[PDB]
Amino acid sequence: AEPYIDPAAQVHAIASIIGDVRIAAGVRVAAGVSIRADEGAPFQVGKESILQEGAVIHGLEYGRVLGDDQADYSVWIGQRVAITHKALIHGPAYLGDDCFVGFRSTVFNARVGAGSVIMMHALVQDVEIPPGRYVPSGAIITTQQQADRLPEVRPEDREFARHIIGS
């Protein structure tokens, strides 16, 4: 089935959006962004999120997370979430409200609680990230030990993320 674009959402005409994807109001999909739900797996991108050029959202055929609307989703992106250039969000995945995912970083089969800041060239996999935690650039997080010991978002680090998107 087709995707649902909120009329109040701005989706570049050169972006590629395939399948059961839910684009909320005020959501900005940049040029060359790839969102693909060709498994019959639902995708939901919450309001006023920003997907930058080259970002990409894939989903596994099997696996889901629980959305805030009580539905099961392959991918649930919350509200005000930044997914930056060349970053990947794959498979069963949950990003909270006000999450940041830096350049060329991957979130796959994982839970990222709200307000979290993920930097650049990083992988988060197989973990439930606590709300409000910061993964450094280049980090590889696969054990729930590693998650538990993540720094909380320094009021500094959310400035860096607020510079990366400046609109």
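The first residue of the sequence shown is number 1, and the count goes up from there.
- In this entry, 126-134 has the higher mean Cα B-factor, the comparison being between 126-134 and 63-71.
- Sorting the modelled residues of the chain by their CA temperature factor places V153 in the highest third.
- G40: CA B factor in the highest third of modelled residues in this chain (values from the PDB entry).
- Looking at the C-alpha B-factors along this chain, the one for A15 belongs to the lowest third.
- Ranked within its chain, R28 lands in the middle third, by CA B factor from the PDB record.
- Among all modelled residues in this chain, the alpha-carbon of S116 has a temperature factor (C-alpha) in the highest third.
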